Amino acid sequence: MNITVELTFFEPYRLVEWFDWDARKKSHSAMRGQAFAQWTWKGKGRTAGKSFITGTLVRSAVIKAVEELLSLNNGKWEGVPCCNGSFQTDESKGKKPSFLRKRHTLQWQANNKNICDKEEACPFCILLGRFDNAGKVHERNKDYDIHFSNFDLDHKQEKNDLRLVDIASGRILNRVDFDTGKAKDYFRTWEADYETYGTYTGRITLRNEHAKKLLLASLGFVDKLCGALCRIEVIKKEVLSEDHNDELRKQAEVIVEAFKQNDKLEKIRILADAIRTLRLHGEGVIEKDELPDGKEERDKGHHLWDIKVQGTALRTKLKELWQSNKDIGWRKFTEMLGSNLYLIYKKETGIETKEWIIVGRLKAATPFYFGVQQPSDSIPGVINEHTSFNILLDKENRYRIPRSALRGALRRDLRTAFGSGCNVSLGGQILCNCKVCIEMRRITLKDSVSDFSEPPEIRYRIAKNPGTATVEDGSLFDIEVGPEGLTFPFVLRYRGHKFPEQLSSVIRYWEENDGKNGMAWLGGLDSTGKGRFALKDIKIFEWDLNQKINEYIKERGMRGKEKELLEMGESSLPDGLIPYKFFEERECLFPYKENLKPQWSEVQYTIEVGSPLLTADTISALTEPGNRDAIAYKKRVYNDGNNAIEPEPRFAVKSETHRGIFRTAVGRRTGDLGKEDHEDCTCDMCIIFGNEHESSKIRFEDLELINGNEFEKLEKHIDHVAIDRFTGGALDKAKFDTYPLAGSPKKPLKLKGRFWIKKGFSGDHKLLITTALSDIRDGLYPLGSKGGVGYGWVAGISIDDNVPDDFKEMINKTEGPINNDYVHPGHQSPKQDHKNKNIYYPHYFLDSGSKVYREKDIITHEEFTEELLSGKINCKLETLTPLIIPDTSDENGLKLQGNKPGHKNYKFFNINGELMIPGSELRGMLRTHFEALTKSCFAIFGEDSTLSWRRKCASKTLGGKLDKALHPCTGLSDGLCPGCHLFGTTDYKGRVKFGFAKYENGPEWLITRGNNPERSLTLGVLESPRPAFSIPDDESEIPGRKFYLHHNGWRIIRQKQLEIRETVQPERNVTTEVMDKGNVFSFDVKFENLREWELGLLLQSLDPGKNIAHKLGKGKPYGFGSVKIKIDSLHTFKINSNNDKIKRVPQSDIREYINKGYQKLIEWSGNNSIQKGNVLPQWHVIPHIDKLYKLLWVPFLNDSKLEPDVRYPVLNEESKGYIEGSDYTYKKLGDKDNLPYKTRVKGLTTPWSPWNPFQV
RNA sequence: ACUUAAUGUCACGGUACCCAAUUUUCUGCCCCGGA
RNA sequence: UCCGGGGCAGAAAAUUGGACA
Ligand SMILES: [Zn+2]
Ligand SMILES: [Zn+2]
Ligand SMILES: [Zn+2]
Ligand SMILES: [Zn+2]
């Protein structure tokens, strides 16, 4: 009469600490522990315990089982009506039974008059224990009628004691409102394992065989026990790893202090994130050394992977360490190294019923994420690792979907389906029987684990202070995300009288068909489009409970093989299971057509990009063979076809950027983004996008790229470099590069994207969104980074038709002048040349006073202030002399290295074979001119450089001789110089944004006969500038800015090709294509939020007037690169809540702008003695502008036959190209005698000074 | 035993959720001396 | 006293703050 009962699980269950009820009544946090298994300590300490299950719980479950089984057959066994029950009374005759218990107990109506009485006891009460020697709370004997010994754990390696951290893990659970999204509270819980500790053993004894068939059959029926499924079955009869966690600590220290020796402490954090990101690639990168080896020799290497530690290269120490500890595995290796480095850096800084089954597959049509607390939550009682959040993970690194979240989301959607929502109550004494609760307590779910087991992906998110459009400090964090395209199994049970049509509603709503994308919104962070799911291969089954109960038991409820059902053939089904017809499909279901479907409405559209596009992701760049600095973002996706990551990634733009763009747009428009009372900001932005109080009402997604294959080379190298405003050469450590996507004005990129709206918007709210969309289509907000220099502009929008008609209407309804200035610089009358001979100097210097005007106040970017203007300008760029702009991406474009090794060749800057000028160069040119005009601060100047006259060393560096007032404008408090104020600086984004230049009208290539490519040139020799000759000795000072001259001295080289190629070594010449005269490029600037006279001065600077021109391009001092700019069209629009739209401006208004700007500079001069009156402006009254214009003055434009001779001096008189008898060389010009130093300085600071006879 | 009480366990009664543009600044440029 | 040669190849700041009594 002994029955050994074995228990089994199929899903991770829960555990809680043990207590006596005498003590348990106190610790309220143990109260929930009345249904979970028990875990007891042992050995007067921690970590050594035992696990069991209280027999009482098994008893209660068997009771509920017998109750249901009897309710089904209308209350009889084999036709024997039995007793209606006895419980719910137990009053005042003894102790109220421990575990006072309440729920809708049920009693069928019966006929018999015996209650399983003493002499004749129907099996039910014998099973209860009513007629025995039982005793309420006394257990003196093992004298019971039917006994339940408690169930304890089964373990094969029990020779050692179970450790708590081995079979337990902490987790947090919470609860959210029906509306407002937010959470209200949270409790803690312990989850077990179900793979290795899932068997539980017990023991049961009986006394009277008479009641067996009831119990032995009612056993298999029960399903839940301790919070999961089960199958009760009657049974017939490596410590170094830990040391590793410490030992690697040691090694970490060595790496740190060495970096401290070279004054490189901040790069530690970069190294940490990079070595973490190394997690995806695999071991190969170390064992074959695919690390981004440095540039060409440089006698150095990568600025990171080649630092020296203890006299060794880092990229070798890494291989050594991996060889040391290779038992752990690549994954934990990298993770531990990252954590250790993070911590060290942080320390250093400081009426019948039936059962319906649903099987099927879940798919995730977007990147998903479920969040958990943090690492370092050991099970018993500011260590924040370098991952501010984490995805959940299983034991073997697999993605899980815990039944908690599935249950919750199912409830929320069902609650919408009905229409009435009971906000859940805690610990009540009655049951809120609104229908939603009635359904919600009849369903059962199951967890889910995928097959993919690779590490996740990382993303970053920053904030942006709308004050100055800058990275808002103290806000930079990163989240983890799972791959898109994974698939889980999904199981949903139901038991009752009639399949509620609203359950069918929600299932259909989660379904996906040919033209219907599902919208199941599992998981958190559903605000920015993470978590959307869909269903596939739904196959609903149903039982017949009323007359096939033995067929249900014999298959143990078909629990534990829920995978077989999805794929088996209809014929091999187990007897008693039948496919479900009458599945109403999306048509008759009234709630779905009525309450669900209009929940979310989608908008879908494609942006069209017409320029290079770049979303900087600097971290990935450090682990790629490109040796670059910035790369386009990359997403990776699963593919259900091949069960592996797709071999080729996909470029995109992250959703959060989408969201930020719309947010800033609407905010800046309504003028609500600047107020600080935003926790309760009652303006419309807080209603739409949602502050912390309520949820949000817009959901974005990722911008994907589809027009990708048509391009043959997606990513095009580009280089950029600063220039010392004092010597027109490259500053030190200031030559970098980017590698963005290719985007042309003719073959534009194509990006597709979507975003959802929750039903309930009220009229004008739609108007705001539509306005912002039209505003993007106008082209004010650039996608990506580096806006001001052209990257990432937009050029149109094509709203797809399958949208709300309201949007189509609201969006579609909303969509010869400027001659030259004629300044007549008056610097004329033959330049005193007399046509005979005057060898001038290639470049000259310019002095610009000392005082600088500054403004403490700053104009913000909060909103389009009404008193200021904003618009765009179009322009055409016309060339005057052969031009050159090399393309540094290629080094053998002209195939010339096949004969003369080491000889560089280039070809003109081009994109998909469409000539084009990079804009940043135009930005630099305009900026130099504007600064020099307005007497700004030196933007980019190398202070740390010492010279030695010839040994006279420099007592102080260059920055010492230069006045302090002219040093770079550094801090926001001190104020900003007018130059830096307009174009911006490190902490204030500029307000003027240029753009690339397009190509136009004809004759193009200066054709030469002798040269092999017939259109290329071989430039002369070029050497570095020498600030020494400009500063003769110690007492000298920085003269000023540098400028190059205009002359037709290039054609000389156009006839010495054959000779130049002879004498000069091919290691120092460069050959490239050239563009001739007579070409015009398209060009345009866009400005927003300017003051009044600033725009006037900018316009004056774009075109100084007739007879004047800028300089640009490689090879300035020889004469290549004279350029003249005109204006064609101006647009200004004072955008605001008013209906004022884009309007033109006629001529004679720009006159007012320029005139007012002129007076502002008049005032800044402070010497009011200058003429004051009303007349067409005359620029050549203020001293320094006079010189500035005297410098850049095309002589040969007006008088077509007045050209001077400009050239550098030969070296030493018997130098190579020494003009005989000229006496135009050093050692007769640089000697202190025959030329006092002050006279040299004076000759360098008076433009257009005769130099061969050396007058003035 | 450590480890339960017996004519009365809705904890499958509770989603770790809300909110936050990887961005701001920078012309692919160029002459006189070294032991 | 004799006779010629390339350099720069990334620099600075931000690495988490609030919430749910
Ligand atoms: Zn009875
Ligand atoms: Zn309710
Ligand atoms: Zn608000
Ligand atoms: Zn400044």
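Residues numbered from 1 in each chain as written, not as in the entry; some residues may be left out. Chains lettered and ligands numbered in written order. Heavy atoms only, no water. Residues with missing side-chain atoms left out of burial classes, pairs and counts.

By the method listed in its record, cryo-EM, this PDB entry was determined to a resolution of 3.6 Å.

Chain A appears in the PDB entry as RAMP superfamily protein from Candidatus Scalindua brodae. Under its PDB record, the entry appears with the title "gRAMP non-match PFS target RNA".

## Comments concerning the overall build of chain A
Assigned secondary structure in chain A consists of 29 helices and 47 strands. Across its three principal axes, chain A shows a C-alpha extent of roughly 145 × 70 × 55 Å. (Helix = DSSP H or I, 4+ residues; strand = E, 2+ residues; numbered from the N terminus.)

## Some thoughts on the domain arrangement of chain A
Once the domains are mapped, chain A shows domain 1 (2-90 + 103-234), domain 2 (240-349), domain 3 (354-588), domain 4 (600-706 + 741-812), domain 5 (846-886 + 915-1013 + 1022-1059 + 1079-1208) and domain 6 (1209-1256). Taking only C-alpha atoms into account, the centre of domain 3 sits 85 Å from that of domain 6. (Domains from an automatic or database assignment.)

## Let's talk about the pairing of strand β15 (residues 354-363)
Burial analysis of β15 places seven of its ten residues in the buried class, the great majority of the element. The pairing of β15 with strand β20 (residues 492-496) spans five bridges and is antiparallel. Note on β20: the bridge partner recorded for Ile357 is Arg493. Bridge analysis of β15 against strand β21 (residues 534-542) gives seven bridges, and the strand direction is antiparallel. (Buried < 20%, exposed > 50% of the residue type's maximum accessible area, 1.4 Å probe, protein only. Pairing = 2+ DSSP bridges.)

## Focus on the UniProt feature "binding site: Mg(2+) 2" (unreviewed entry) in chain A
The feature "binding site: Mg(2+) 2" (unreviewed entry), as given by UniProt, occupies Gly129, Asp132 and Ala134 in the numbering adopted here. Residue position: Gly129 is located in the loop between α3 (123-128) and β8 (146-153). Using a relative accessible area of 26% as the deciding quantity, one classes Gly129 as partly exposed. Along the chain, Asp132 falls in the loop between α3 and β8. (UniProt positions renumbered as here; feature names shortened; annotations may be inferred.)

## Description of the coordination of the zinc ion (ligand 3)
Donor atoms from the polypeptide that bind the zinc ion (ligand 3) are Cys681 (N), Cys681 (O) and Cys686 (SG), placed at 1.8 to 2.3 Å. Residue classification places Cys681 among the buried positions, given a relative accessible area of 6%. Since its relative accessible area comes to 14%, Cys686 is described here as buried. (Donors = N, O, S within 2.8 Å, 3.2 Å for Na, K, Ca; no water.)

## Things to note about the sheet that holds strand β42 (residues 1070-1073)
Strand order in the open sheet made by the three strands is β35-β42-β40, with mixed pairing throughout. Because the sheet does not close on itself, it has two edges, and the strands there are β35 (904-905) and β40 (1016-1018). Pairing geometry for β35 and β42, over two bridges, is parallel. Note on β42: the bridge partner recorded for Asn905 is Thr1071.

## Looking at a negative patch on the surface
Judged by side-chain charge, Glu676, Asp677, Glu679, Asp680 and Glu692 come together as a negatively charged surface patch. Here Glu692 lies in the loop between α18 (684-690) and β26 (698-699). Taking the relative accessible area as the measure of exposure, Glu692 reaches 48% and is therefore partly exposed. (Patch = residues over 30% accessible without salt bridge, like charges linked within 9 Å, V, L, I, M, F, W, Y side chains within 5 Å. Areas by Shrake-Rupley, 256 points an atom, 1.4 Å probe, with all protein chains shown as cover. Salt bridge = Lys/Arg side-chain N within 4 Å of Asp/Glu carboxyl O. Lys, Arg positive; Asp, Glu negative; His and termini not counted. Charge placed at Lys NZ, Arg CZ, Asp CG, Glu CD.)

## Notes on the side chain of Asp193
Within the fold, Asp193 resides in the loop between β10 (183-191) and β11 (200-206). In this structure, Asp193 is buried with no salt-bridge partner, the nearest side chain bearing the opposite charge being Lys395 at 5.3 Å. A polar side-chain atom of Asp193 sits 2.3 Å from a polar atom in the side chain of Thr196. The residues touching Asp193, leaving out its near neighbours within four places in the chain, are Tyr13 and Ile167. (Polar contact = N/O pair within 3.5 Å; in protein donor to acceptor, adjacent residues only side chain to side chain. Contact = heavy atoms within 4.5 Å.)

## Remarks on the protein's contact with RNA strand B
The environment of RNA strand B is made up of 133 residues, and the closest members are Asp90, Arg101, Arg407, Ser920 and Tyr1044. The sugar-phosphate portion of RNA strand B accounts for 61% of its atoms within 4 Å of the protein, the bases making up the rest. For RNA strand B, a base nitrogen lies 2.2 Å from a polar atom in the side chain of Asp90. Note that a sugar or linking oxygen of RNA strand B is positioned 3.0 Å from one of the backbone N or O atoms of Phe99. Top element by residues in the surface near RNA strand B is helix α10 (residues 403-418). It accounts for seven residues. Taken together, the residues of the surface near RNA strand B sort by class into 46 nonpolar, 47 polar and 40 charged. (Near = heavy atom within 4 Å. Nonpolar A, V, L, I, M, F, W, Y, C, P; charged D, E, K, R; others polar.)

## Describing the packing of aromatic side chains
With the rule as written, the count across this model stands at 38 aromatic pairs. Ring geometry for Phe662 against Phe700: centres 6.0 Å apart, planes inclined by 55°, an arrangement best described as tilted. With a gap of 38 residues between them, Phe662 in helix α17 (residues 655-670) and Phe700 in the loop between β26 and β27 (703-705) connect regions that are remote in the sequence. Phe662 gets classed as buried once you look at its relative accessible area, which sits at 3%. Ring centres of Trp1251 and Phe1254 lie 4.5 Å apart, and the angle between their planes is 80°; this geometry places the pair in the edge-to-face category. Neither residue differs from the other here; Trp1251 and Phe1254 are each classed as buried. Taken together through their ring pairs, the aromatic side chains of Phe368, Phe370, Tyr399, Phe488 and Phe533 make up a single cluster. Looking at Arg699, its charged tip hangs above the ring of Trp521, at a distance of 4.1 Å from the centre. (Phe/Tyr/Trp six-rings, centres within 6.5 Å; stacked < 30°, edge-to-face > 60°. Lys NZ or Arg CZ within 6 Å of the ring centre and 35° of its normal.)

## Quick look at the protein's contact with RNA strand C
Around RNA strand C, the surrounding shell holds 31 residues, and the nearest of these are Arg269, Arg298, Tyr342, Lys346 and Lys733. Between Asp629 and RNA strand C, the recorded distance is 2.9 Å, taken from a side-chain N or O atom to a base nitrogen. Between RNA strand C and the protein, one listed contact pairs a phosphate oxygen with a side-chain N or O atom of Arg1068 at 3.2 Å. It is strand β18 (residues 470-481) that provides the largest number of residues to the surface near RNA strand C, a total of six residues.

## Focus: a nonpolar patch on the surface
Taken together, the side chains of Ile462, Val471 and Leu476 present a nonpolar region at the surface, about 300 Å² in accessible area. Judged by its relative accessible area of 58%, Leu476 is exposed.

## Description of the pattern of salt bridges
In this structure the tally under the stated criterion is 47 salt bridges. The shortest N-O distance in the salt bridge between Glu562 and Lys446 comes to 3.3 Å. Here the residue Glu562 occupies a position in the loop between α13 (549-554) and α14 (564-567), and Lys446 occupies one in the loop between β16 (443-444) and β17 (457-465), the gap between them amounting to 116 residues. Residue class for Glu562 comes out buried when judged on its relative accessible area of 9%. What you see here is one network of salt bridges that share partners, running through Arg459, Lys530, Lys635, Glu656 and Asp702.

## Brief notes about a positive patch on the surface
Taken together, the side chains of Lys264, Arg298, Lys300, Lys308 and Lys733 make up a positively charged region of the molecular surface. Mapped onto the elements, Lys264 comes out in the loop between α5 (240-261) and α6 (267-277).

## Concerning the nonpolar core
Among the nonpolar cores identified, the biggest contains 75 residues, and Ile873, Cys875, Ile917, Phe994, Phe1083 and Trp1251 are the most heavily contacted of them. With seven residues, the top contributor of residues to this core is helix α27 (residues 1150-1165). Three or more residues apiece are contributed to this core by two domains, here domain 5 (846-886 + 915-1013 + 1022-1059 + 1079-1208) and domain 6 (1209-1256). Among all residues touching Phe994, those that are not within four sequence positions of it are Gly787, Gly788, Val789, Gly790, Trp793, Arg923, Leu926, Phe983, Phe1083, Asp1084 and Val1085. (Core = buried A, V, L, I, M, F, W, Y, C linked by side-chain atoms within 4.5 Å.)

## Comments concerning the environment of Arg628
In this structure, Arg628 sits in the loop between α16 (618-621) and β24 (634-635). Setting aside anything within four residues of it in sequence, one finds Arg628 in contact with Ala621, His717 and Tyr739.

## Let's talk about the coordination of the zinc ion (ligand 4)
Looking at the metal site, the zinc ion (ligand 4) is ligated by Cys937 (SG), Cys969 (SG), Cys977 (SG) and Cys980 (SG), spaced 2.3 to 2.4 Å from it. Note that the zinc ion (ligand 4) binds four donor atoms; their angles at the metal cover 91 to 165°, and the shape is irregular. (Tetrahedral: all angles 85-135°; square planar, octahedral: opposite > 155°, others 65-115°.)

## Section: the pairing of strand β45 (residues 1122-1132)
In the case of a regular strand, side chains alternate between the two sheet surfaces. Within β45, eight of the eleven residues are buried, which leaves it mostly tucked inside the rest of the structure. Across nine bridges, strand β34 (residues 869-879) lies against β45 in antiparallel orientation. Bridge assignment links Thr879 to a residue of β45, and that residue is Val1123. One ladder, built from two bridges, connects strand β44 (residues 1110-1111) with β45; its direction is antiparallel. Within β45, the residue paired with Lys1111 across the bridge is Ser1122. Here β45 pairs with strand β46 (residues 1143-1144) via two bridges, running antiparallel. Bridging across to β46, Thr1132 finds its partner in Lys1143.

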